[PDB]
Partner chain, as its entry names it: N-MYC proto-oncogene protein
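Here you get one chain, nothing else, as structure tokens; it is the form deposited without its partner chain.
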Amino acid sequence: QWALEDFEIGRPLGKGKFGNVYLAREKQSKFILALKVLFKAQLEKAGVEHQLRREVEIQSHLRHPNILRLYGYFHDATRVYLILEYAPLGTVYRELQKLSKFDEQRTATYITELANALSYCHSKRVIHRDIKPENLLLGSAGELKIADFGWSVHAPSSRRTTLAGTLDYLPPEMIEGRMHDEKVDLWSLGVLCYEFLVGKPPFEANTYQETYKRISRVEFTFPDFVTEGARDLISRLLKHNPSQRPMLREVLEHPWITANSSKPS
């Protein structure tokens, strides 16, 4: 079906480990979209074709206002192309670099949208496992959308693929290579809530080795400006024992979230 000749390519939107993403326009319809380009040589060397397949299967079937749509894919002799919904307000990562910290209303609203999207995923026992700011995009009305489902799986699960860059958003069970489930995403949600309010993630350190230690021992502290309500919610999500982390409904009804969020469940 689709081929590269069907699109006009435009400015670069971002670069991932494997993804080179461009603005594009479909010629016959003028439909604007994001084209995610991957090099087959690189996929083959890293042995991660299976991740690209999970991404296609999961994101093409999901339908939720806070999850990025994947419309389709094609490939030629050297490259694979994913056809994605275009997110015109960019990444939460960029927004955080711009503002340094988010206020309590902005933070609680994003957390609400995240929890809504994740609740829909967990209802199918789909865990994302790679929730971080560079994979959270913003729609035309500023609404948050989860993207990059390449690390996702069905619970429960082990890990068979080599970890990549930062450990900052992963729970103890995941970095220690143990069995894991939906509760991995609840940990990441606590890491995000802290990073949104403070400007850096709670276990950030100078070295991989030190970051590993801070995570496995759950060593974090709060600056004075973080309020009692935010501290309660974050402390509940960042528990070593997964079964002790709250249900998403409990996040959605937490008094700090309901007091500060501008969006509903």
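Rigid core here is just the name for the largest C-alpha set that superposes within 1.5 Å across the two forms. Residue numbers count along the first chain shown, from 1.
If you look for the form solved in complex with its partner chain, you will not find it shown, but the lines that follow are about it.
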{"query": "4.5 Å heavy atom contact, residue 153 to its partner chain in the bound PDB entry", "finding": "yes"}
{"query": "is_contact(residue 233, its partner chain) in the bound PDB entry, heavy atom dist at most 4.5 Å", "finding": "no"}
{"query": "Its partner chain contact at residue 162 in the bound PDB entry, heavy atom, 4.5 Å", "finding": "yes"}
{"query": "Residue 92, heavy atom within 4.5 angstroms of its partner chain in the bound PDB entry", "finding": "no"}
{"query": "Candidate spot 137, 197 and 248, all three touching its partner chain in the bound PDB entry (heavy atom, 4.5 Å)", "finding": "no"}
{"query": "Sequence-ordered list of residues in 197 to 227 near its partner chain in the bound PDB entry, where near means a heavy atom within 4.5 Å", "finding": "207, 208, 209, 212"}
{"query": "Comparing forms between this form and the one not shown after core superposition, the one residue of 100, 140, 78, 162 displaced by 2 Å or more at CA", "finding": "162"}
{"query": "Residue pair residue 131, residue 158 - Cα distance in the bound PDB entry, closer or farther (3 Å or more)", "finding": "farther"}
{"query": "Cα distance between residue 162 and residue 174, which in the bound PDB entry differs by 3 Å or more from this form, closer or farther", "finding": "closer"}
